[PDB]
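> What follows is a single structure, and I will ask about it in a moment.
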Amino acid sequence: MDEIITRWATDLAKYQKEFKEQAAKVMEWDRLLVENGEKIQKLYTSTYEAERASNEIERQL
Amino acid sequence: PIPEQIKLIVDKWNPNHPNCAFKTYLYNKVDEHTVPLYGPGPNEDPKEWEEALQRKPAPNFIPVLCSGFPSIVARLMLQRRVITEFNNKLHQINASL
Amino acid sequence: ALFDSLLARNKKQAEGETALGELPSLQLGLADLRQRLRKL
Amino acid sequence: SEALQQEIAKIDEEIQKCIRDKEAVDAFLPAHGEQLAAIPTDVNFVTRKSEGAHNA
Amino acid sequence: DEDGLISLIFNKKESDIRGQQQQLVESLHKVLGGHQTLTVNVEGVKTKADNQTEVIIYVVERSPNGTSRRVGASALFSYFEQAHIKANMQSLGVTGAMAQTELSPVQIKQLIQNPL
Amino acid sequence: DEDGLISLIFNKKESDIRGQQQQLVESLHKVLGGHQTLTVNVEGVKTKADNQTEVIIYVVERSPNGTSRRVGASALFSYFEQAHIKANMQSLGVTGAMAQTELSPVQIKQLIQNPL
């Protein structure tokens, strides 16, 4: 009956070692997401600025 | 020592958190002054929580308990839900430009 | 679209007009340009 | 042997049922992965077009 | 978000969607609980492929004082993504859904912290 | 709204209102049609000025099955503000009326869209 416990424990360790990797990958992805998000916001600001400036030039002409 | 390993394996594959062996923490960003909230729940060891808070990547981040697979699935669900929002906002920017 | 705007600006640049002074400048490139750069 | 042979079945079934979720994770990764990898390339692109407008 | 628009992809040809639009709209109304305080409206129908059609909807909700307004897109999407509701939607041929609201970073962070 | 309270201002002294309260209550009952399924109740009487008195009322309505409940305040106010009814009320000395229910925005929007 040990041959079953062996399978259980091997499967356990095997899939643990993989779950850790998956989680890690997800974490890295989150980091990527926020890291870009900051830049997106920067783009929002820069864009709004551009918009206002263009409106001003429109007013000038 | 047979009915112990079995119970321990039954314990490993479970969301009850008796040494779940699928214990990883993910840091969810939360702006101040909401840091004082959260605040774990049912089966959180302050050890794990604090140890998570210990190696903090940046301030305004709170750790999140990912026990097993449905949790990482859920994390993915959120990640897509934000993916679409990201793309949308980005397209807005594109359009205004 | 940056380099594109650089081209576009440097394109509209060397093309007229009636601006009381700023006439289009002739473009060089490569051989003559390197020496023209060194003669700076 | 009944309770045991049944218990092992239920346990192994539950574990297998968990591994199905593990597989479910594994399945939903590459697509989402591409989607994610797509983002930085666009924001790194849109940031460029903004610079074009600003220079303009 | 106030415009309440949800895009749905159906694994059905456009002619089939349009041909039975009354029935489709009522089935969506039933998925929502079927009360007379909710009304499903079709914003648009567009072919996407031979057997794929996008149907954009919104839902008008009426208050006890007779006032009406659209259900917010995030709220409506949240309902449709619930596992029981998603399954019912899939039985109607829905294979995907999307809201137009671009979520804030804090909203996205909340969804990731609590994916359920 | 379920408490059904309507405040009425009378251009009469408090002593006059109290002195003839039976008659006043029956006249209000008559304005409502005088049926035995409606009963006017006085919640309070308060002097406001030398010749001004506020009288707060509600109306209990009985159903064919013997059940009773208060007429909702909005419903009762709606009746009393109808031009014919308002005129009858003014003949009793009523110079104003108010309900306590704070209407919803949608209710207010409906009243503005259809003031009649």
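Protein chains in written order, with the deposited numbering: chain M3, 467 to 527; chain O3, 74 to 170; chain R3, 141 to 180; chain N3, 245 to 300; chain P3, 214 to 329; chain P2, 214 to 329.
We treat Cβ as the ideally placed atom computed from N, Cα and C, and that holds for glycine.
Identify the continuous beta strand (DSSP E) that holds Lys259 (chain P3) and give its terminal residues.
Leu251 to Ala262
> Indicate whether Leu324 (chain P3) and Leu151 (chain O3) have their beta-carbon atoms separated by less than 8 Å.
Contact flag set, yes.
> Less than 8 Å separating the beta-carbons of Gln313 (chain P2) and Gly279 (chain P3)?
8 Å or more divides the Cβ of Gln313 (chain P2) from the Cβ of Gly279 (chain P3).
> In this structure, what does DSSP give as the bridge partners for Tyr100 (chain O3)?
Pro136 (chain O3)
> Would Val258 (chain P3) and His242 (chain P3) be called neighbours here (beta carbons separated by less than 8 Å)?
For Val258 (chain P3) and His242 (chain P3), no; Cβs fall outside 8 Å.
> Going by CA-CA distance only, name the one from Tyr100 (chain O3), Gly141 (chain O3) and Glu105 (chain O3) that's closest to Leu498 (chain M3).
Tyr100 (chain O3)
> Return the residue from the list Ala262 (chain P2), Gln236 (chain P2) and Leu245 (chain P2) that minimises the CA-CA distance to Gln295 (chain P2).
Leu245 (chain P2)
> Pull up the distance between the alpha-carbon of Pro115 (chain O3) and that of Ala147 (chain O3), whole angstroms please.
19 Å
> Please confirm whether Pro318 (chain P2) has its beta-carbon closer than 8 Å to some beta-carbon of chain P3.
yes
> Please list, in chain order, the residues of the segment 268-279 of chain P3 that have any C-beta partner in chain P2 closer than 9 Å.
Taking 9 Å as the cut-off between beta carbons, the residues of the segment 268-279 of chain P3 near chain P2 are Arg275, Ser276, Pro277, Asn278 and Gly279, in sequence order.
> Where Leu329 (chain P2) and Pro132 (chain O3) are concerned, what is the direct C-alpha to C-alpha distance, given to the nearest angstrom?
Rounded to the nearest angstrom, the two C-alpha atoms are 60 Å apart.
> Please identify, using Cβ separations under 8 Å, the residues of the segment 473-490 of chain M3 that lie next to chain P3, in order along the chain.
none
> Look at the alpha carbon of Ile471 (chain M3) and the alpha carbon of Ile79 (chain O3), and state the distance between them as a whole number of angstroms.
8 Å
> Out of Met311 (chain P2), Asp214 (chain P2) and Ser276 (chain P2), which one is the CA nearest neighbour of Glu267 (chain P2)?
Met311 (chain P2)
> On the CB-based measure, 16 or more other CB atoms within 10 Å of its CB, does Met467 (chain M3) come out buried or exposed?
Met467 (chain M3) comes out exposed.
> Taking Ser281 (chain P2) as part of the beta strand (DSSP E), name the residues at either end of that continuous run.
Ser281 to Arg283
> Any idea if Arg178 (chain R3) is buried or exposed, counting beta-carbon neighbours within 10 angstroms, 16 or more meaning buried?
exposed
> Just how far apart, CA to CA, sit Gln482 (chain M3) and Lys162 (chain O3)?
Approximately 37 Å between the Cα atoms of the pair.
> Could you name the residues of the same chain whose beta carbon sits closer than 7 Å to that of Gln249 (chain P2), not counting the 5 residues immediately before and after it, in chain order?
none
> To the nearest angstrom, how far is the alpha carbon of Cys262 (chain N3) from that of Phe485 (chain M3)?
12 Å
> List the endpoints of the continuous beta strand (DSSP E) containing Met302 (chain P3).
Per DSSP, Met302 (chain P3) lies in no beta strand (DSSP E); the unbroken alpha helix (DSSP H) holding it starts and ends at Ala296 to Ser304.
> Mind pulling the chain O3 residues with CB within less than 8 Å of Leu280 (chain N3)?
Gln152 and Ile156
> Should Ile471 (chain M3) be flagged as near chain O3, meaning a C-beta pair shorter than 8 Å?
Yes, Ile471 (chain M3) counts as interfacial toward chain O3.
> If we cut at 8 Å on Cβ distances, does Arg292 (chain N3) have a partner in chain B?
The chain labelled as chain B is not found among the protein chains of the depicted structure, namely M3, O3, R3, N3, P3 and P2.
> Could you tell me the alpha carbon to alpha carbon distance between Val272 (chain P3) and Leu218 (chain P3), rounded to whole angstroms?
8 Å
> I'd like to know whether the C-beta of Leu160 (chain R3) is nearer than 8 Å to at least one C-beta of chain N3.
no
> Spatial neighbours of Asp214 (chain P2) within its chain, please: C-beta separation below 7 Å, excluding the five flanking residues on both sides.
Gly285, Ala286, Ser287 and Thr314
> Based on the DSSP output, what are the partners of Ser291 (chain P2) in its beta bridges?
According to DSSP, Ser291 (chain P2) bridges with nothing at all.
> Under 6 Å Cβ to Cβ from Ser281 (chain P3), same chain only, skipping five residues before and after it: list those, please.
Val273 and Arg275
> Helix, strand or coil: which one does DSSP assign to residue 198 (chain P3)?
Outside the shown range of chain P3, which is 214 to 329, sits residue 198 (chain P3), and nothing can be said about it.
> Could you give the first and the last residue of the continuous beta strand (DSSP E) run that contains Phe223 (chain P2)?
According to the DSSP assignment, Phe223 (chain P2) belongs to the beta strand (DSSP E) that extends over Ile219 to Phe223.
> Could you tell me whether the Cβ atoms of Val287 (chain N3) and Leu509 (chain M3) are closer together than 8 Å?
Yes, the Cβ-Cβ distance between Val287 (chain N3) and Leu509 (chain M3) is below 8 Å.
> State the beta-bridge partners of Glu274 (chain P3) as determined by DSSP.
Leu251 (chain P3) and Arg282 (chain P3)
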